[PDB]
Protein chains: 2
Amino acid sequence: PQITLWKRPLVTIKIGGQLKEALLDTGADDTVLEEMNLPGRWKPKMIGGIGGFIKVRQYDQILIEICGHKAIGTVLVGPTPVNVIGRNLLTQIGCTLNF
Amino acid sequence: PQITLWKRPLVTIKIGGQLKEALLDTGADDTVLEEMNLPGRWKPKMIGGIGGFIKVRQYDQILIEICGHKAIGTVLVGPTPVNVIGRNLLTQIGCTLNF
Ligand SMILES: CCOP(=O)(COc1ccc(C[C@H](NC(=O)O[C@H]2CO[C@H]3OCC[C@H]32)[C@H](O)CN(C[C@@H](C)CC)S(=O)(=O)c2ccc(OC)cc2)cc1)OCC
């Protein structure tokens, strides 16, 4: 499909057997999701943006489904203000910018 | 053009007659550029990112050319980690997400 940018590019994702809303974010190197108690090991990490850095938990080889398109990669979990799907997963669903 | 996301979607912009590199950022509502000198009046404003809020200078109806495409809109200037082109200008140049 094609998504215009008049409004925030919000889509439904499936992760850890749960459905959530997330932003398709070409400005995000990595995927950052709201607090959720995913199973398995993780490693601490700090990511920075406008306003400074926050602490997140890095989970690897996590399966996410975005608009029916499956992807597997690293997901960062922490007190993020919004769920963002970053380039690490957007590439896997064949997402491009076009103008 | 069509831009893939294996690398950061960085493009050259022209603003205030000066060339700069900026990030096409579908997760940003607004356009935020690093500290620079622009002519005309400006109003102080606040914007919040992943790590909190920063103080910016809001310039309205500024001419900005993005990858050869002209736009005239609001540009925020402040301590952002990188120049980001937000949806307020991405819509003007006809940019969409596609997968
Ligand atoms: C406490 C305030 O509360 P808020 O709820 C905050 O909400 C939001 C917070 C963040 C975003 C997404 C970011 N957009 C953003 O900063 O946009 C600003 C300007 O335009 C406004 O629109 C939304 C916010 C304002 C951006 O797309 C991606 N980022 C990096 C960019 C900056 C290049 C370095 S990154 O997230 O930091 C990030 C860093 C490293 C990563 O992997 C290693 C992964 C992600 C969207 C909404 O209030 C405002 C809505």
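Residues numbered from 1 in each chain as written, not as in the entry; some residues may be left out. Chains lettered and ligands numbered in written order. Heavy atoms only, no water. Residues with missing side-chain atoms left out of burial classes, pairs and counts.

- Judging from the entry metadata, X-ray crystallography is the method by which this structure was determined, and 1.9020 Å is the reported resolution.

1. A few points about the interface of chain B and chain A
Then step 1. Taken together, the contact pairs 39 residues of chain B with 36 residues of chain A.
Then step 2. Carbon and sulfur atoms supply 62% of the area that chain B and chain A bury against each other, a total of about 3600 Å² over both sides.
Then step 3. Where chain B touches chain A, the interface holds two salt bridges.
Then step 4. A:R8 serves as the salt-bridge partner of B:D29, at 2.7 Å between the closest nitrogen and oxygen.
Then step 5. In this structure, the connection of chain B to chain A is made through 22 residue pairs in polar contact.
Then step 6. Among the secondary structure elements, those contributing two or more residues to the side of chain B that touches chain A are β1 (2-3), β3 (18-24), β5 (43-49), β6 (52-66), α1 (87-90) and β9 (96-98) of chain B.
Then step 7. With four residues, the top contributor of residues to the side of chain B that touches chain A is β6(B).
Then step 8. Relative to β1(B), strand β9 (residues 96-98) of chain A is paired through two bridges, and the arrangement is antiparallel. Residue pairing for β1(B): A:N98 is matched across the bridge by B:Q2. (Contact = heavy atoms within 4.5 Å. Buried area = accessible area lost by both parts, 1.4 Å probe. Salt bridge = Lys/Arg side-chain N within 4 Å of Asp/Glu carboxyl O. Polar contact = N/O pair within 3.5 Å; in protein donor to acceptor, adjacent residues only side chain to side chain. Helix = DSSP H or I, 4+ residues; strand = E, 2+ residues; numbered from the N terminus. Pairing = 2+ DSSP bridges.)

2. Considerations on the sheet that holds β9(B)
Then step 1. Pairing in this open sheet of four strands is antiparallel, and the strands run β1(A)-β9(B)-β9(A)-β1(B) from one edge to the other. Among the strands making up the open sheet, the edge pair consists of β1 (2-3) of chain A together with β1 of chain B.

3. A word on the relation of the copies chain B and chain A
Then step 1. The two copies are related by a screw operation: chain B maps onto chain A through 178° of rotation and 0.1 Å of translation along the axis, at an RMSD of 0.4 Å. Interpreted geometrically, this transformation is the action of a two-fold axis. Residues of chain B ranked by C-alpha distance from the rotation axis are headed by B:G51, positioned 2.0 Å from it.
Then step 2. Looking at chain B, 92% of its interface residues are interface residues in chain A too, so the copies touch through the same face. (Least-squares fit on C-alpha atoms.)

4. With respect to the pairing of strand β2 (residues 10-15) of chain A
All names here are of chain A.
Then step 1. One ladder, built from six bridges, connects β2 with strand β3 (residues 18-24); its direction is antiparallel. Among the inter-strand pairings, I15 is bridged to a residue of β3, identified as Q18.
Then step 2. In this antiparallel pair of consecutive strands, β2 and β3, the connection spans two residues, and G16 shows a positive phi of 55°.
Then step 3. Pairing analysis gives three bridges linking β2 to strand β6 (residues 52-66), with the strands arranged antiparallel. Looking across to β6, one finds that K14 is bridged to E65.

5. Re the packing of aromatic side chains
Then step 1. Evaluated as defined, the whole model comprises zero aromatic pairs over all chains.
Then step 2. Positioned above the aromatic ring of A:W42 is the side chain of A:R57, whose terminal nitrogen or guanidinium carbon lies 5.9 Å from the ring centre. (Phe/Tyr/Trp six-rings, centres within 6.5 Å; stacked < 30°, edge-to-face > 60°. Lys NZ or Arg CZ within 6 Å of the ring centre and 35° of its normal.)

6. Concerning the environment of B:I93
Then step 1. Structurally, B:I93 is set in the loop between α1 and β9.
Then step 2. Between the C-alpha atom of B:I93 and that of B:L5, which follows or precedes it by 88 residues, the distance is 19 Å.
Then step 3. Discounting chain neighbours no more than four positions away, the residues touching B:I93 are A:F99, B:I66, B:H69, B:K70 and B:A71.

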